[PDB]
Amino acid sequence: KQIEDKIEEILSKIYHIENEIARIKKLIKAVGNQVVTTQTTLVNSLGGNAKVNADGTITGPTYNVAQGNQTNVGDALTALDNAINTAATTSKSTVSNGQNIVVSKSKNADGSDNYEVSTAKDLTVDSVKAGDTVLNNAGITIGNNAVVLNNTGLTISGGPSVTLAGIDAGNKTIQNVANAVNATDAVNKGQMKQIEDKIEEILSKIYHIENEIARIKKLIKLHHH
């Protein structure tokens, strides 16, 4: 009969449709799972506190670079790029020369800069102190005014001086003076002693003359009698 075969056909087709449905359910389940896993990987790979919410929505990352906040990776990368350019600019310290100094700039091997600092060859200062010796506008001073060289000349504390006002021998002798030749040259003791000899000779001549005079007087007295 056509009826029984038609029922059989119908049941067969239903069986096949049910199997197809089972298959489709499996597919959809799998794809859903895959999608969920993709969302999770996205969130975990981005970081920035990204997370999948219960309502199916996804909160994106918020990054915190270069003293700001960015809602995506591109803005953050740009922020960092700028941060680097600025940091490279302001961190590059320089050196220059002032009074008495010479600064020579050159490249180090790695491309950074070196500044070699030297003094000038001629120094202009207020003073230079080296131990007990002081150099300033007034001149040279050694010790506690022990020896002074200034614009009037040389002065030694407790000793002689050679200044504009002339020569002070400091109540000590002046030694090793060669014999005076010119009228305005200093005479030494020997040159004076030379005259002293003549004085002695004169006094002897006078002595013997006096004795000869007394002899004469005595002879005159005897001649008178």
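Counting begins at 1, following the sequence as shown.
For the C-alpha atoms alone, is the average B factor greater in 62-70 or in 189-197, going by the entry?
Result: 189-197.
According to the deposited model, is the average Cα temperature factor higher in 39-47 or in 179-187?
According to the PDB entry, the answer is 179-187.
Relative C-alpha B-factor of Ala54, binned into the chain's lowest, middle or highest third
Highest third.
Would the CA B-factor of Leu80 place it in the lowest, middle or highest third of its chain?
Answer is middle: the recorded C-alpha B-factor places it there.
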